[PDB]
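> Structure in structure tokens, see below.
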Protein chains: 2
Amino acid sequence: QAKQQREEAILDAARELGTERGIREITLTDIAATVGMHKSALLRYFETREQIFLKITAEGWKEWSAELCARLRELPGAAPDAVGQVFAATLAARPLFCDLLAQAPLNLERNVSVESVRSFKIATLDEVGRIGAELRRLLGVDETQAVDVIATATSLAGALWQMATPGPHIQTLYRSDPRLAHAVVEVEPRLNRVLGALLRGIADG
Amino acid sequence: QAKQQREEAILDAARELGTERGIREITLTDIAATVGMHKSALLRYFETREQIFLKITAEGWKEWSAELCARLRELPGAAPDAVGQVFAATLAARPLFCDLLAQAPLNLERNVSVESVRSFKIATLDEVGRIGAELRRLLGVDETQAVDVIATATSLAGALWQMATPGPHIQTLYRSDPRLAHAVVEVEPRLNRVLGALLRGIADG
């Protein structure tokens, strides 16, 4: 498979490139330049940079879901704050995955084939179901509430991480002005308080 | 003031252009073309398209805050679900403002001057404080919880609206496949269930 390794190599290049300078500015050309192949050859594997990130976003969903479920699978089925804490810690520990969760709705939006979007959403929704099954078992919530929670966690983690990475000079700006104290975002803490309070509000119903 | 009207005219052109085809693809050139002036003249008013949207984002914060506070100002100080409902309805009714709330962390990120970011965050945080004061009065929450709530509402509304507007052909795709049912996002409903449950979980503490 100089084909399955080629694809896996292109993805790692995309990942490490995003780890170095973020994702909202990585080009298909840069990725090609990184893996050392012409853009035309790269295009045989991936139609656009959006399709590359959508596949990395999906790998991120699989990796995060497996991490989250392995941990929830060893928990006492009835502690809201404890479940929220596991969601907050796993997501807070995944900045690239969080950038991709925030960028996704925009990535599949129009420069990706219908069939790729279809596979992506199917793969994604399978993890939502997997994670949801643990929420049902641990806290006894219906399917709707489980989805609301997952959707909330992922969307909120994505937005908090964006707010936390405003650009080097802006981060320095936030810390320098006492009036911008609330602009400094700590992901895990806020995410924990929110998901805990959310899960309790649901459990007390 | 052919200067205050000029600026207000450029913004309306930017707004209506975003209303027509979205924001994640509007260029400084298109805006210039819309208002009928050369790009160089437009640049005298706004350095980049990010500075234009940041100013519209701020106007959006003022407009939304005033709407939200005028309504909360007539409420019975103690109903979590009712407060959540007002947040969900006002935000769900503002798709452009929601796209801008999701795009903001990325807009100020690096192509906007430090001083513009400083003014924007200050203006934004004043509304957070205004809205926060109503949360304190109606539900008796501390400053931290009030910010968590506002941050959650805005970040979640922004993400839900992006998920709800995946592109014409994708929206048709979501509705056509029974397996993608959960991919179809209804903003107000989810936002209401989440903010209500969140506020109760906080109030029950």
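By convention in this document, the chains of the structure tokens carry letters A, B, ... by their order, each chain's residues are numbered from 1, and ligands are numbered from 1 in the order they are shown.
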Contacts from chain B to chain A, 6 Å maximum, only C-alpha atoms: show me the residue list as an mmCIF file with N, CA and C atoms, in the first residue's frame.

data_model
loop_
_atom_site.group_PDB
_atom_site.id
_atom_site.type_symbol
_atom_site.label_atom_id
_atom_site.label_comp_id
_atom_site.auth_asym_id
_atom_site.auth_seq_id
_atom_site.Cartn_x
_atom_site.Cartn_y
_atom_site.Cartn_z
ATOM 1 N N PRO B 105 -13.568 35.538 16.924
ATOM 2 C CA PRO B 105 -12.270 35.111 17.465
ATOM 3 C C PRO B 105 -11.195 34.981 16.384
ATOM 4 N N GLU B 109 -8.071 37.970 15.373
ATOM 5 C CA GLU B 109 -6.882 37.147 15.520
ATOM 6 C C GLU B 109 -5.544 37.707 14.992
ATOM 7 N N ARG B 110 -5.523 38.326 13.816
ATOM 8 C CA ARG B 110 -4.245 38.828 13.326
ATOM 9 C C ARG B 110 -4.218 39.890 12.230
ATOM 10 N N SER B 155 -21.504 31.643 22.089
ATOM 11 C CA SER B 155 -20.696 30.628 21.411
ATOM 12 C C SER B 155 -21.570 29.500 20.865
ATOM 13 N N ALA B 159 -22.303 28.551 16.826
ATOM 14 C CA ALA B 159 -22.037 27.217 16.295
ATOM 15 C C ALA B 159 -23.282 26.524 15.745
ATOM 16 N N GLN B 162 -24.157 27.929 12.331
ATOM 17 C CA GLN B 162 -23.227 27.460 11.292
ATOM 18 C C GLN B 162 -23.638 26.058 10.881
ATOM 19 N N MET B 163 -23.991 25.238 11.870
ATOM 20 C CA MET B 163 -24.406 23.862 11.608
ATOM 21 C C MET B 163 -25.715 23.827 10.843
ATOM 22 N N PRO B 166 -25.274 24.778 6.264
ATOM 23 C CA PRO B 166 -24.191 24.054 5.594
ATOM 24 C C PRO B 166 -24.078 24.201 4.083
ATOM 25 N N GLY B 167 -24.918 25.030 3.474
ATOM 26 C CA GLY B 167 -24.866 25.156 2.026
ATOM 27 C C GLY B 167 -26.127 24.501 1.491
ATOM 28 N N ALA B 197 -31.711 24.420 30.972
ATOM 29 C CA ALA B 197 -31.098 23.410 31.831
ATOM 30 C C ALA B 197 -29.833 23.949 32.503
ATOM 31 N N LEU B 198 -29.061 24.759 31.780
ATOM 32 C CA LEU B 198 -27.841 25.329 32.345
ATOM 33 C C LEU B 198 -28.162 26.288 33.490
ATOM 34 N N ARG B 200 -30.840 26.395 35.337
ATOM 35 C CA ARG B 200 -31.441 25.684 36.464
ATOM 36 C C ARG B 200 -30.329 25.017 37.258
ATOM 37 N N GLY B 201 -29.417 24.362 36.545
ATOM 38 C CA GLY B 201 -28.307 23.694 37.196
ATOM 39 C C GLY B 201 -27.501 24.673 38.024
ATOM 40 N N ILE B 202 -27.477 25.931 37.599
ATOM 41 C CA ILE B 202 -26.750 26.961 38.327
ATOM 42 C C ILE B 202 -27.587 27.470 39.499
#
> Considering only C-alpha atoms, can you say which of A:98, A:92, A:141, A:83 comes closest to residue 61 (chain A)?
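For residue 61 (chain A), the nearest of the candidates is A:98.
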> Write out as number ranges by chain the residues lying within 12 Å of residue 6 (chain B), counting only C-alpha atoms and excluding same-chain residues fewer than 2 positions away.
B: 1-4, 8-13, 32, 35-37, 41-42, 44-46
> Could you jot down the CA of residue 130 (chain B) to CA of residue 51 (chain B) separation for me, Å, one decimal place?
24.2 Å
> Just the number, please: distance in Å from CA of residue 57 (chain B) to CA of residue 116 (chain B), one decimal.
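CA of residue 57 (chain B) sits 12.5 Å away from CA of residue 116 (chain B).
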> Got a sec to tell me which of region 66-199 of chain A DSSP assigns to helix (DSSP H, G or I), as a VMD selection string?
chain A and resid 66 to 72 80 to 92 95 to 107 114 to 139 143 to 164 168 to 176 178 to 183 187 to 199
> So which residues touch residue 89 (chain A) within 8 Å, counting only C-alpha atoms, skipping near sequence neighbours fewer than 3 positions away, as a CSV table (one decimal) with C-alpha atoms, in the first residue's frame?

chain,number,residue,atom,x,y,z
A,85,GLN,CA,-15.3,17.0,34.3
A,86,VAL,CA,-14.3,14.2,32.0
A,92,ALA,CA,-9.5,20.9,26.7
A,93,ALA,CA,-6.5,18.6,26.0
A,188,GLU,CA,-11.0,23.6,30.8
A,192,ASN,CA,-16.1,22.3,33.3
> List the neighbours of residue 59 (chain A) out to 10 Å using only C-alpha atoms; skip same-chain residues closer than 4 positions along the sequence, and give me the result as a PyMOL selection string.
chain A and resi 53-55+63-65+97+120+123-124
> Please provide as an NGL selection string all residues within 12 Å of residue 16 (chain A), with the sequence filter that same-chain residues fewer than 6 positions apart are discarded (counting only C-alpha atoms).
:A and (9-10 or 22-23 or 26 or 30-31 or 34-35 or 56 or 96)
> Output N, CA, C and O atoms of each residue in that selection to a file, as an mmCIF file, in the first residue's frame.

data_model
loop_
_atom_site.group_PDB
_atom_site.id
_atom_site.type_symbol
_atom_site.label_atom_id
_atom_site.label_comp_id
_atom_site.auth_asym_id
_atom_site.auth_seq_id
_atom_site.Cartn_x
_atom_site.Cartn_y
_atom_site.Cartn_z
ATOM 1 N N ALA A 9 0.430 9.692 5.272
ATOM 2 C CA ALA A 9 1.558 10.606 5.335
ATOM 3 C C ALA A 9 1.097 12.028 5.037
ATOM 4 O O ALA A 9 1.573 12.985 5.648
ATOM 5 N N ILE A 10 0.171 12.160 4.092
ATOM 6 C CA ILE A 10 -0.361 13.469 3.731
ATOM 7 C C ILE A 10 -1.129 14.051 4.915
ATOM 8 O O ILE A 10 -1.069 15.253 5.172
ATOM 9 N N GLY A 22 -1.524 26.645 13.306
ATOM 10 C CA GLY A 22 -2.973 26.749 13.305
ATOM 11 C C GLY A 22 -3.566 26.150 12.040
ATOM 12 O O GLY A 22 -2.826 25.692 11.172
ATOM 13 N N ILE A 23 -4.892 26.174 11.917
ATOM 14 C CA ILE A 23 -5.574 25.590 10.760
ATOM 15 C C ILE A 23 -6.242 26.571 9.797
ATOM 16 O O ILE A 23 -6.292 26.331 8.591
ATOM 17 N N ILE A 26 -3.920 27.184 6.614
ATOM 18 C CA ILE A 26 -3.123 26.162 5.936
ATOM 19 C C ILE A 26 -3.656 25.967 4.522
ATOM 20 O O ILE A 26 -4.865 25.848 4.317
ATOM 21 N N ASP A 30 0.860 24.270 0.718
ATOM 22 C CA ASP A 30 1.772 24.095 1.846
ATOM 23 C C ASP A 30 1.880 22.624 2.239
ATOM 24 O O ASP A 30 2.970 22.115 2.501
ATOM 25 N N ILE A 31 0.739 21.949 2.289
ATOM 26 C CA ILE A 31 0.708 20.537 2.641
ATOM 27 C C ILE A 31 1.513 19.747 1.612
ATOM 28 O O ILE A 31 2.299 18.864 1.962
ATOM 29 N N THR A 34 5.068 20.296 2.067
ATOM 30 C CA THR A 34 5.542 19.585 3.252
ATOM 31 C C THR A 34 5.823 18.110 2.963
ATOM 32 O O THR A 34 6.884 17.598 3.328
ATOM 33 N N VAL A 35 4.881 17.429 2.309
ATOM 34 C CA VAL A 35 5.060 16.013 1.982
ATOM 35 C C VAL A 35 6.013 15.803 0.810
ATOM 36 O O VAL A 35 6.377 14.669 0.494
ATOM 37 N N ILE A 56 -9.351 14.666 8.863
ATOM 38 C CA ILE A 56 -8.614 14.758 10.112
ATOM 39 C C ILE A 56 -9.611 15.047 11.235
ATOM 40 O O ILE A 56 -9.416 14.636 12.378
ATOM 41 N N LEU A 96 -6.179 21.057 18.625
ATOM 42 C CA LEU A 96 -6.337 20.913 17.180
ATOM 43 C C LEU A 96 -7.731 20.381 16.861
ATOM 44 O O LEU A 96 -8.396 20.882 15.958
#
> Kindly give the distance, in Å, that separates CA of residue 47 (chain A) and CA of residue 99 (chain A), rounded to a single decimal.
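These atoms are spaced 21.1 Å apart.
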